[PDB]
Every structure is written in structure tokens, then in C-alpha cells.
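Cβ sites come from the backbone with ideal geometry, for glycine too, and all protein chains shown count toward neighbours. What follows draws every value from the coordinates through simple rules; no lab data is involved.
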Amino acid sequence: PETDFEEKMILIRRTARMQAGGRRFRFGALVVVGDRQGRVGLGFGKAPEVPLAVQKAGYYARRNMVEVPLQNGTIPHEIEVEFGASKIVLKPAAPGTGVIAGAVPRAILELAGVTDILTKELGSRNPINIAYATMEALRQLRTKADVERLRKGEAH
Amino acid sequence: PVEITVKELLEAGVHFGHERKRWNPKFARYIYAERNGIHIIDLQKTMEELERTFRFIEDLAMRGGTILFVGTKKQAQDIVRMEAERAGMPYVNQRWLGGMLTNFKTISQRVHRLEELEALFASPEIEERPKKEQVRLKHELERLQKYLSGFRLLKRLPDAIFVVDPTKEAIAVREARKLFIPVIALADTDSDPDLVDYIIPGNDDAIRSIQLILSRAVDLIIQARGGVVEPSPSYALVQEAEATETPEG
Amino acid sequence: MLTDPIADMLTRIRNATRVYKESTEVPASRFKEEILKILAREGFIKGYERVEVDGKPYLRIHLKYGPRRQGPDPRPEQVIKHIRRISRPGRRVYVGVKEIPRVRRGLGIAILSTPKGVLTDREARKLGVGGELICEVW
RNA sequence: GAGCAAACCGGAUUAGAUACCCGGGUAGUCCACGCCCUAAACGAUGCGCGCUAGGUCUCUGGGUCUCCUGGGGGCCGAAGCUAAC
Ligand SMILES: [Mg+2]
Ligand SMILES: [Mg+2]
Ligand SMILES: [Mg+2]
Ligand SMILES: [Mg+2]
Ligand SMILES: [Mg+2]
Ligand SMILES: [Mg+2]
Ligand SMILES: [Mg+2]
Ligand SMILES: [Mg+2]
């Protein structure tokens, strides 16, 4: 089988700490990896050098992926998810609608292989938790609710 | 009274008198429903889950799987090795190391030094520098062996876990489930029967229970499938289980 | 003294499920009893059965969950992931027929209370009526 | 109106001290009636009600009483919450 996707760097930062003598930067990269077929995953590793920072996050990325339930080209249904103070909210849209969302949620949704969405935002427009923000969204989309409400329950 | 179980080993008991002013509390024995350490509550609940668990130990066995047991309390440890070597698998007595499982690709390195050292004290390379390093390599080989004496059978992360007390060796159980590894443990009232994957509601403590639950867990494996061989095992020479084979000094 | 009889029930089910209890009891009453009839026909809860405790009627709602999961935090997914009250007291929310809600894009219901029994977004629309929007479950 | 003590009187320290220190001293602090009404009047967290693991210490009533059931005070903590604490 195959474990290779397409990577996209969301947002990098130098962080600076402080010591006797001066300062000391630590870099932060925020990457998203995806198939465009249902799998995507965020990742943000730090390092004394951006590249490693990216690579690392490239590894943290691929480790935290989430098969997204795409119907046609959209999300099956609606969802709004609370994070730090961010409140991403995605709404399934007809075809030919376009992505339509922020740098972050777009970077993510566009790798999950979506094509038509409308996004809801309402707080801490922080590249980071909006990042995570868009993901639990993608983690909460439903596959088989149809099953859980009507199936038996043996060994729980 | 020692029903043929105690054995008269010239055990004085001169310092063992009850002169320890033990005749002080009347309520000394707050006694409850735990007088010998054999609890089985709800039965239709526990026996149900047992069959469950022990049905897997059998499965993991046959499927060729591996099961490293995890021991940390003095109230076990050694009781973990016997049921260890008897059942060709990896065990952990001494202490867990952060990552034992979530870092294999690195703790396993230690296992490598271990083996590496274990090589050198077999070739002529013995004694080529100051005693200092000679010992520098002995301390290691020694330490390494103390904490890695059982992890040498883990060429790859295991298919299961058998931690005794999924509350005292919780890190173990965390690391485990974080890696989708069915976690098997003893557990009681003072434990997380939610964390334990395949429970066996025995007594977390209590040597006896341990040896009792852990053994069959070892025998069930061993007896995986079967065979003829009907001359039964011998008594007194059951040394291959380990016992105290060959001393050094 | 309760203030909103229903809301009480809904919640009593909500927390109940968050801690994974097997079933919870709630003060009985036609209405609540008719409101649970839906959660039951719809699968959010194995069911309810009139029961007595101390001498006062109560309803045992046998909650329904899912299977245990793999990885950390093995607790079972939820059947009733969300159950809110819409039409609160001193806030009466009645909707027309063309105003009935769609709810969780058909993944969830929305119990209405039309002059024709207690129905769900579906039925109510199917029958062609609207009324107090009691809740929204999914 | 004993003690204390704004203001104020002297003493001393200070580069200078209408201050910290020291010795006195008035309103005041006290009581009565009347007035003022403010406050870090703080748990800095309105009131009531229903629901959601425990453990530990403690005050107070009932109890088949070192155990369970009610009211109140603290501690630690499930789920959950919180920007974090
Ligand atoms: Mg918020
Ligand atoms: Mg938006
Ligand atoms: Mg005087
Ligand atoms: Mg303020
Ligand atoms: Mg009584
Ligand atoms: Mg109390
Ligand atoms: Mg606390
Ligand atoms: Mg918590």
C-alpha cells in the first residue's frame, strides 16, 4: 500500500525565549497533509531551523489524519466547533459553489478534497486553533449515525 | 498451622513474638469482607468477562501474537518472571521507562548496547584499557540488564499487555492504548475498569491471586492448541521454570 | 419547584449520557411521556417504562450509546450527541409549516407539538402543520 | 473620657524632613437620640430550582450509631468548564 500525500505549510513563526545574554528563537511551522480523497491531518512541530520545523510537522502531520466523509464534493452535513475561542462552522454547499473560507480552514478543507463549502467563523481568528478548529469539525462529521440509532449493542 | 504448605524450615520465631504490645487495640481488626483475598462479585458479571478475556489470551496465542506482562509492585515482580520464562515472552519487573512502547525506536537502542556489551565479555577483548572503563562497561551491562532483562524479546511492539494493577502502572496502560494495543490487567474497585481493555477482576495486590490469575494466563497460552504427551510433569525437579538456576559467587 | 418541566427531562438525559449511565429517571407526565415516545421510535434511547420510586411516578429512560472505542479515551460515541430546548417558557417559539426546521441536515429530528399530537420535522411536515417547536435532537 | 490618637507641640535621624523613630496632645475612638450610606460593603463570583464520580477533614440533628440518611463549613478531585489561573 501507499502513504504519500500533498503537503501545505499553513503558517510559520519565530518564537524567541530569553536568557542571560540575549534571546533564543524556536521556530514553528503549521502544516496540513492530504489526499483530496478523504484524508487530511494538521501538525505543528518546533525546531531551531524552519525546515526541520516543517519536516517534523510533516511527520506529526501524517500521524494525525482523519478520513473525511465527503458526499460528492462536500461535507455530508453541518457542524460548528468550538476551540480555544475560535468557532469554525462549515455548511455543506451545492456543486459549483467553490471552497469559500479562511486561509486556514481552506488549507485544510482543500486537502481533505472538498470543493464546495461555506464556512462560519467567530472568534480568536488564530491560525492555530482555527486550524485545529477545522479538524475536529472534520472529525465530527457523521458516518453511520444511521447505524448507531438502530443497531443492537453487544459488548460495550 | 501450616497444612503441609508451611514446611518446618527450623523457623525460630524468637524475634517473631507478639510481645510487640500488639495487645493494644481491641478494634485492631476493623475486619470487613477481605479476610483471605478471594473476591468474586456479581459473578454473572465477572465470570462473563473472564471467559471474555481468557478467550483472547488464547486467540493472541494461536495467532502467534506476543504478550509482554508488566510488573512493578514488590507484591509481584518475581511472580512475573516465573510466569514469564515458563511462557516464552517479554516481561518488565523493575521499572517502566517513559516510552517503553511510545518510543521503541529508541528504547530498543538501549537493548542494543545491552546485547553489544553481552558480546564483548565473550571475546578476547576482555581487558584492553584501564579497569575503569572495564567497569564502565560492567556497570552498564549490569544496569542495562537490570531494566532490560525481558525487553530483549521485543523485536517489535507487542500485540497485548498484562499489567498487574492498571492504576499503579498506569503510564504503561496509557502508552499502550495510545498505540491501539489491547491492554489486559487485573484491576479492582480502586482501578479504572474503563481503561483496562480485557479485565480480569482479581485482587490488584495479594501475591496468591496474582500467581493464580497470571499462571493460567500463562498456561492457557502454552496449552494453545495442544498435543499428546501424557507422562505428566515431575515434582521436585521443576527447575526449568527457572527456580534458582546456577549461582555466581 | 421546576420551572420548565421538559427542559428538565432533556437535560436529565443529557448529563446522564455524558457520564454514560445506563438509564435515568425523570418526573412522569403525558407530555414528557409523549416526547420520549419519539426519542424512542427514533433510536436515541432504547426506551422508557413507567416506574415508581418512593411513591411518586417517574420515567426510566434507558439510554443508548455506541461501542467502546480504540486508542485513548475509549468511551462510546453518543447517540444523543446534542439535545437542546428551543421553545423555552417565556420565549414560546411556534413555527409555521414552511418554518419547520431542517435540523442537522436530516441527521436529527426536531420534535414539534402541533395540534395533531407530538410529531417530528418529518411527520409534521408530511401531515402539513406547524406548532410549538419543543426541541431539536441529534 | 482610662488607654489610644488625625491636627498640633517638642525630641532625633536627614543633604533637607512640615515623614518613617521618640515624648506629649486636641478632635476622635465611648454612650444617648438624630444625620450621613460610603467601602478591596470581595467569595472581587444575584436569587431560586432540577441534574452530573468520588474521596478526605470538620460543625450540627436523625439514625438498626466510629456505617448509613439531612443541613452548614474546608480540603483534594470524575465528567465538564476556562484564555489560563
Ligand atoms: Mg467561548
Ligand atoms: Mg465562517
Ligand atoms: Mg489628658
Ligand atoms: Mg473587574
Ligand atoms: Mg431513624
Ligand atoms: Mg455539604
Ligand atoms: Mg479542585
Ligand atoms: Mg479533567
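Its Cα gyration tensor gives the range B:97-154 an equivalent ellipsoid; the semi-axes, largest first and in whole Å, are 25, 11, 9.
Measuring nothing but how far apart in sequence close Cα pairs (under 8 Å, 6+ apart) lie, relative to its length, chain B scores a relative contact order of 24 percent. Close amide-amide hydrogen proximity is noted between C:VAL95 and C:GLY131, C:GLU132, C:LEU133, each under 5 Å apart and 5 or more residues distant or on a separate chain (H modeled in the peptide plane; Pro and chain starts excluded).
Among B:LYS21, B:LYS178, B:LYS74, the residue with the largest mean-square fluctuation in a Gaussian network model of chain B, with springs joining Cα atoms closer than 10 Å, is B:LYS21. Using R₀ = 51 Å, calculate the FRET efficiency as 1/(1 + (r/R₀)^6) where r is the Cβ-Cβ separation of C:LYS98 and A:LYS152; round to 0.05. It comes to 0.85.
According to the Cα-based calculation, Rg over Rh for the range B:143-195 is 1.02, with Rh computed by the Kirkwood formula. Between the residues C:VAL137, A:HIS156, A:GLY41, the greatest Cα displacement towards the positive end of the dipole of the protein assembly as shown, with unit charges on the Cβ of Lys, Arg, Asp and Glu, is found for C:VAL137. Think of each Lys and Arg Cβ as +1 and each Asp and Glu Cβ as -1; about the Cα centre, that makes the dipole of the range C:3-80 roughly 240 debye. When both the range A:82-148 and the range C:73-104 are represented by their alpha-carbon centers, they are found 22 Å apart.
Is the protein assembly as shown best put as rounded, prolate or oblate by its Cα gyration tensor, with a ≥ b ≥ c the root eigenvalues, rounded for a/c under 1.5, and otherwise prolate when a/b is larger than b/c, oblate when not? Taking the square roots of the gyration eigenvalues as a ≥ b ≥ c, the protein assembly as shown is oblate. Take the Cβ atoms of B:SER149 and B:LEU237, set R0 to 25 Å, and the FRET efficiency comes out at 0.50. For the options B:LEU214, B:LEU43, B:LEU186, a Gaussian network treatment of chain B with springs between C-alpha atoms closer than 10 Å singles out B:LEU43 as fluctuating the most. About the centre of its Cα atoms, the range C:81-138 shows a dipole size close to 200 debye [charges on the beta carbon of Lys, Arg (+1) and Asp, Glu (-1) only; nearest 20 debye]. Scaled to the globular estimate 2.2 N^0.38 Å, the Cα spread of chain C, given as radius of gyration, is 1.08. For B:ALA160, the residues whose modelled amide H falls within less than 5 Å of its own, excluding neighbours fewer than 5 places apart on the same chain, are B:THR66, B:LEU68. With distances taken between every two different alpha-carbon atoms, the range B:85-242 has a Kirkwood hydrodynamic radius of 18.2 Å.
Comparing Cα centroids, the range B:34-107 and the range B:163-204 end up 9 angstrom apart. Here the 3J(HN,Hα) profile of the range A:73-78, calculated from phi with Karplus coefficients 6.51, -1.76 and 1.60 at θ = phi - 60°, is x, 10, 7, x, 9, 7 Hz, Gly and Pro shown as x.
Across the range B:132-146, rounded Karplus estimates of 3J(HN,Hα) from the backbone phi angles (6.51 cos²θ - 1.76 cosθ + 1.60, θ = phi - 60°) give 2, 5, 3, 6, 3, 8, 7, 3, 3, 2, 5, 3, 2, 4, 4 Hz, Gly and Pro being marked x.
Net length available on complete extension from B:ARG95 to B:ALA12 is 26.4 nm, with 0.36 nm assigned per residue and the Cα-Cα distance removed. Computed over chain A, the quotient of the alpha carbon radius of gyration and 2.2 N^0.38 Å is 1.18.
Take the Cα of B:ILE40, step 7 Å along the line toward its Cβ, and report every residue of the range B:190-227 whose backbone nitrogen sits under 13 Å from that point. Counting backbone N atoms under 13 Å from the label point, the list is B:201-203, B:213.
Each of the peptides B:132-142, B:151-161 was scored by the mean count of other Cβ atoms within 10 Å over its residues; in descending order, highest first, they stand as B:151-161, B:132-142.
Would you tally the net charge around B:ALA172, using a Cβ to Cβ cut-off of less than 13 Å, leaving B:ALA172 out, and scoring K and R as +1, D and E as -1?
+1
Looking at C:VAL19, A:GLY58, A:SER86, which one has the Cα that reaches farthest to the positive end of the dipole of the protein assembly as shown (charges on Cβ: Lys, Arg +1; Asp, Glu -1)? It is A:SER86, whose Cα lies furthest towards the positive end. Counting only other residues whose beta carbon sits under 14 Å from that of B:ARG216, what net charge do I get with K and R as +1, D and E as -1? Within the 14 Å Cβ shell, the charges total -1. Charging the Cβ of each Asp and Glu at -1 and of each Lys and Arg at +1, and nothing else, the dipole of the protein assembly as shown about its Cα centre rounds to 2840 debye. Of all beta bridges that DSSP places with both ends in the protein assembly as shown, some 90 percent have antiparallel geometry.
Would you work out if the range C:3-80 is rounded, prolate or oblate? Take a ≥ b ≥ c from the square roots of the eigenvalues of the alpha-carbon gyration tensor; rounded if a/c is under 1.5, else prolate when a/b is larger than b/c, oblate otherwise. Because a/c hits 1.5 or more and a/b exceeds b/c, the range C:3-80 counts as prolate.
Spacing of the modelled spin labels on B:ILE31 and C:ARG69, each 7 Å from Cα toward Cβ, amounts to 4.9 nm. The Cβ shell under 15 Å around C:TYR20 holds other residues with a net charge of +4, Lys and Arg each +1, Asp and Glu each -1. Hydrodynamic analysis of the range A:68-142 uses the Kirkwood radius over alpha carbon pairs. Inserted into Stokes-Einstein at 37 °C and 0.692 mPa s, it gives a translational diffusion coefficient of 279 µm²/s. Note on chain C: with a GNM built from Cα contacts shorter than 10 Å, the maximum mean-square fluctuation among C:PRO67, C:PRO101, C:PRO89 falls on C:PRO67. Less than 5 angstrom separates the built amide H of A:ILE79 from those of A:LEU90, all sequence-distant by 5 or more or on a different chain. In order along the range C:128-137, the Karplus-derived 3J(HN,Hα) couplings, from 6.51 cos²θ - 1.76 cosθ + 1.60 at θ = phi - 60°, round to x, 8, x, x, 2, 7, 4, 7, 8, 10 Hz, and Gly and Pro are given as x. In the range B:97-154, taking the dipole from charged Cβ atoms about the Cα centre, the farthest positive-side position among B:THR102, B:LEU137, B:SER149 is held by B:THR102. Model label sites at C:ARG105 and B:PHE121, defined 7 Å from Cα along the beta-carbon direction, differ in position by 6.6 nm. Placing a label point 7 Å from the Cα of C:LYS126 along the Cα-to-Cβ direction, the residues of the range C:76-105 whose backbone N falls under 17 Å of that point are C:100-103.
Based on C-alpha pairs under 8 angstrom that are at least 6 apart in sequence, the range A:68-142 has a relative contact order of 42 percent.
Dividing the summed -39500 (n - 2.57) terms of all DSSP H runs of n ≥ 4 by the residue count of the protein assembly as shown sets its mean residue ellipticity at 222 nm at -9000 deg cm²/dmol. Under the simplified labelling scheme, the A:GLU67-B:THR189 pair shows an inter-label distance of 4.3 nm, with each label point 7 Å from Cα along Cα→Cβ. Multiplying the residue separation of B:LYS21 and B:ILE207 by 0.36 nm and subtracting their alpha-carbon distance yields 64.2 nm.
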